[PDB]
Amino acid sequence: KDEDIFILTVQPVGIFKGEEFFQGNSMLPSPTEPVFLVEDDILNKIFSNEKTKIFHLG
Amino acid sequence: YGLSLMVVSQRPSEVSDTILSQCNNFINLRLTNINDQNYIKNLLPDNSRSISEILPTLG
Amino acid sequence: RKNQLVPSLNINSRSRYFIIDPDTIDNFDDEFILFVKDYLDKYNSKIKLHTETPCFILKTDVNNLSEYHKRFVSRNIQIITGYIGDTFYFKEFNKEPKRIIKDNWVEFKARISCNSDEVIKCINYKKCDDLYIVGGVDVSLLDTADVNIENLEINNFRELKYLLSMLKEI
């Protein structure tokens with residue numbers, strides 16, 4: 001009541017080492033680390049494959 | 001008489017329990033079926049039940 | 001070279017010291033402040049996870065450092081020199097900045113000083129973990145036995161930014 005508490009319970013689904021994706025888990029980010037919202041262009045490199053085996057479902 | 005079995009299956013719940021329950025050593029890889037983890041957890045030794053929660057996490 | 005240094009730069013709490021030589025890098029006077037600003041905006045940014053203050057040591061006269069301090073003050077960057085004018089106070093150079101984590105306040109961001117004997121002794125008193133040398137400065141009396149010495153050969157600040165993973169291209 002004195003302040004406003006907005007909390008999100010969120011689940012990891014991977015990691016970006018650098019300029020690339022690496023599916024995995026068991027990675028614990030240290031507290032106070034900043035949290036951003038992902039852009040759609042980054043999400044497009046995920047759910048995508050090589051052009052020789054791309055099948056657009058929707 | 002000198003025979004051994006290596007039961008290799010991706011669906012442990014579908015294999016007959018008469019053959020799997022006679023296995024002493026387990027080499028468990030990643031399992032994603034909740035009906036498969038439950039069956040293999042009850043077949044592992046009791047000391048490894050605490051560490052048997054890594055099966056969906058192994059990569 | 002960039003991928004060799006990408007470890008020890010991903011660690012938040014880690015002391016990094018620089019021995020940048022103004023003569024080697026061109027346009028040093030007009031780009032050093034911006035380079036420090038973009039370094040602090042990425043490395044000395046978080047107030048709870050970045051608990052180490054970077055130290056920058058320049059090979060120049062003690063008089064020329066006041067101009068750098070004035071430029072930093074004008075660009076609204078809080079740094080400590082340790083010099084009150086031709087006089088060095090070691091009790092001020094080796095002080096931990098005061099942090100108040102309620103409004104994102106820290107007393108100072110970086111330590112920019114000269115290459116005198118007093119500042120060298122102060123650095124030796126509280127050794128860092130990674131020591132970076134730019135321009136081939138005579139790093140002899142630093143007791144570099146514990147630190148990870150990493151000489152860097154560059155010609156402009158763009159290459160320095162690329163090496164420190166602050167840029168994707170040159």
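If you check the header, you'll see the entry was determined by cryo-EM and the resolution is listed as 3.01 Å.

A. Region of the structure containing the arrangement of the chains. The top pair by number of contacts, from a total of 2 pairs of chains in contact, is chains A and C. Across the gap from chain B to chain C, with no contact made, the nearest C-alpha atoms are 24 Å apart.

B. Representation of the pattern of salt bridges. All names here are of chain C. Throughout the structure, instances matching the rule amount to 10 salt bridges over all chains. Its salt-bridge partner being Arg1, residue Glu150 comes within 2.9 Å of it at the nearest N-O pair. Note that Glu150 is positioned in strand β8 (residues 148-152) and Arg1 in the segment before β1 (16-18), a separation of 149 residues in sequence. Given a relative accessible area of 21%, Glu150 falls into the partly exposed group. In this structure, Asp130 and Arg14 form a salt bridge, with 3.3 Å as the shortest nitrogen-oxygen distance. Within this pair, whereas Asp130 is found in strand β7 (residues 130-134), its partner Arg14 is found in the segment before β1, the two being separated by 116 residues in sequence. Counted as one network, the salt bridges with shared partners bring together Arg14, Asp129 and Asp130.

C. Representation of the nonpolar core. Residue and element names in this part refer to chain C. If you look at the biggest cluster of nonpolar residues, it comprises 49 residues, and the most contacted ones within it are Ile20, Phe32, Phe35, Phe56, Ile112 and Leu164. Counting only elements with at least two residues in this core, the list comes to β1, α1 (28-40), β2 (55-57), α2 (65-74), β6 (110-113), α4 (117-125), β7 and α5 (157-163). Per-element tally for this core: the top contributor is α1, with 7 residues. Excluding its chain neighbours within four sequence positions, the residues that come into contact with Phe32 are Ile20, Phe56, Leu58, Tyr68, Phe72, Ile112 and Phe157.

Reading the values: the criteria
Here the residues of each chain are numbered from 1 in the order the sequence is written, which can differ from the numbering of the entry; residues without coordinates are not included. Written order decides the labels, with chains lettered from A and ligands numbered from 1. Remember that the shown chains come from a larger assembly, so read each value as a statement about the shown part. Water and hydrogen atoms were dropped before computing side-chain values, which therefore reflect all heavy atoms in the structure. Any two residues having at least one pair of non-hydrogen atoms within 4.5 Å are treated as being in contact. In the sections that follow, a salt bridge refers to a side-chain nitrogen of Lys or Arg positioned within 4 Å of a carboxyl oxygen of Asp or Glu. The secondary structure listing takes helices from DSSP runs of H or I that are at least 4 residues long and strands from runs of E that are at least 2 residues long, numbered from the N terminus. The rule is simple: take the accessible area with a 1.4 Å probe, protein chains only, and divide by the maximum for that residue type; under 20% is buried, over 50% is exposed, in between is partly exposed. The definition of a nonpolar core used throughout is a set of buried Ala, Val, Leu, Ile, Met, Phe, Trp, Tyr and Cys residues joined through side-chain atoms within 4.5 Å.

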